[PDB]
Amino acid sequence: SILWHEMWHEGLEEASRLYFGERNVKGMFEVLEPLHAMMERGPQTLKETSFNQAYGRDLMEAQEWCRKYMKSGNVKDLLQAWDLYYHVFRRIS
(Lines of atoms letter the chains of each structure in order from A and count residues from 1; the text may use other names and numbers.)
(Lines give C-alpha, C1' and ligand atoms only; values in the text may rest on other atoms or scores of the structure.)
Protein backbone atom coordinates (compact mmCIF):
# COMPACT_ATOMS: atom_id res chain seq x y z
CA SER A 1 0.00 0.00 0.00
CA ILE A 2 3.12 2.17 0.39
CA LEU A 3 3.85 3.68 -3.02
CA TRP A 4 7.04 4.34 -5.01
CA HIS A 5 6.21 8.00 -5.64
CA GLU A 6 5.58 8.50 -1.91
CA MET A 7 9.05 7.18 -1.07
CA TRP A 8 10.86 9.12 -3.80
CA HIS A 9 9.05 12.33 -2.78
CA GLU A 10 10.14 12.00 0.86
CA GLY A 11 13.60 10.72 -0.13
CA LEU A 12 14.44 13.75 -2.30
CA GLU A 13 12.82 16.06 0.27
CA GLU A 14 15.37 14.61 2.71
CA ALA A 15 18.44 14.31 0.47
CA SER A 16 18.16 17.90 -0.79
CA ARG A 17 17.83 19.14 2.80
CA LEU A 18 20.94 17.16 3.77
CA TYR A 19 23.11 18.48 0.93
CA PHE A 20 21.81 22.02 0.45
CA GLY A 21 20.98 22.67 4.11
CA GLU A 22 23.47 20.57 6.09
CA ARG A 23 26.25 20.30 3.47
CA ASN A 24 26.25 16.52 3.97
CA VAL A 25 27.06 14.77 0.68
CA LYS A 26 27.83 11.49 2.48
CA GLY A 27 24.51 11.55 4.35
CA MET A 28 22.72 12.39 1.09
CA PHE A 29 24.02 9.21 -0.57
CA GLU A 30 22.85 7.19 2.45
CA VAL A 31 19.21 8.11 1.74
CA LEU A 32 19.47 7.98 -2.07
CA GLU A 33 21.38 4.68 -2.46
CA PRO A 34 18.53 2.41 -1.16
CA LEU A 35 15.93 4.10 -3.40
CA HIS A 36 17.99 3.30 -6.51
CA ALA A 37 18.57 -0.31 -5.43
CA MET A 38 14.78 -0.42 -5.04
CA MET A 39 14.35 0.39 -8.75
CA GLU A 40 17.15 -2.10 -9.45
CA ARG A 41 14.90 -4.88 -8.10
CA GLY A 42 12.18 -3.87 -10.57
CA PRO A 43 8.44 -2.97 -10.30
CA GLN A 44 5.98 -5.59 -9.03
CA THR A 45 2.71 -3.62 -8.99
CA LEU A 46 0.75 -1.63 -11.59
CA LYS A 47 1.60 1.66 -9.85
CA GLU A 48 5.28 0.70 -9.57
CA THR A 49 5.43 -0.17 -13.28
CA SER A 50 3.77 3.10 -14.31
CA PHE A 51 6.18 5.02 -12.07
CA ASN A 52 9.21 3.24 -13.56
CA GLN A 53 8.03 4.02 -17.10
CA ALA A 54 7.84 7.75 -16.32
CA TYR A 55 10.93 8.41 -14.20
CA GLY A 56 12.97 5.19 -14.47
CA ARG A 57 15.49 6.46 -17.04
CA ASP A 58 15.74 9.91 -15.43
CA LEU A 59 16.45 8.42 -11.99
CA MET A 60 18.88 5.91 -13.52
CA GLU A 61 20.75 8.71 -15.31
CA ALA A 62 20.81 10.80 -12.12
CA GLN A 63 22.66 8.01 -10.28
CA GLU A 64 25.22 7.79 -13.10
CA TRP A 65 25.94 11.50 -12.53
CA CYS A 66 26.29 10.82 -8.79
CA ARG A 67 28.81 8.06 -9.57
CA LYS A 68 30.65 10.42 -11.94
CA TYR A 69 30.87 12.93 -9.07
CA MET A 70 32.41 10.35 -6.72
CA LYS A 71 35.25 9.77 -9.19
CA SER A 72 35.74 13.28 -10.63
CA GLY A 73 35.00 15.26 -7.46
CA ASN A 74 33.51 18.04 -9.61
CA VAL A 75 30.29 19.40 -8.10
CA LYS A 76 29.08 20.06 -11.67
CA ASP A 77 28.16 16.38 -12.13
CA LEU A 78 26.34 16.40 -8.78
CA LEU A 79 24.34 19.44 -9.94
CA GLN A 80 23.49 17.62 -13.18
CA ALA A 81 22.11 14.76 -11.05
CA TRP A 82 19.96 17.17 -9.03
CA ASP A 83 18.63 18.64 -12.29
CA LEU A 84 17.22 15.20 -13.13
CA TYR A 85 16.10 14.59 -9.53
CA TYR A 86 14.27 17.93 -9.46
CA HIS A 87 12.48 17.14 -12.73
CA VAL A 88 10.93 13.94 -11.37
CA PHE A 89 10.14 15.56 -8.01
CA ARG A 90 8.04 18.29 -9.65
CA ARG A 91 6.00 15.68 -11.54
CA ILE A 92 5.28 13.50 -8.50
CA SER A 93 4.29 16.52 -6.39
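Throughout, we count residues from 1 along the sequence that is shown.
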Quiz item: Based on the entry's values, in what third of the chain does the Cα temperature factor of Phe20 lie: lowest, middle or highest?
Solution: middle
Quiz item: What third of its chain's C-alpha B-factors does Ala37 belong to: lowest, middle or highest?
Solution: lowest
Quiz item: Among the chain's modelled residues, which third holds the C-alpha B-factor of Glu14?
Solution: middle
Exercise. Looking at the entry's B-factor column for C-alpha atoms only, identify whether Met60 ranks in the lowest, middle or highest third of its chain.
Key: highest
Practice problem: Within this chain's modelled residues, let me know which third the CA B factor of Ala81 belongs to: lowest, middle or highest. | Solution: lowest
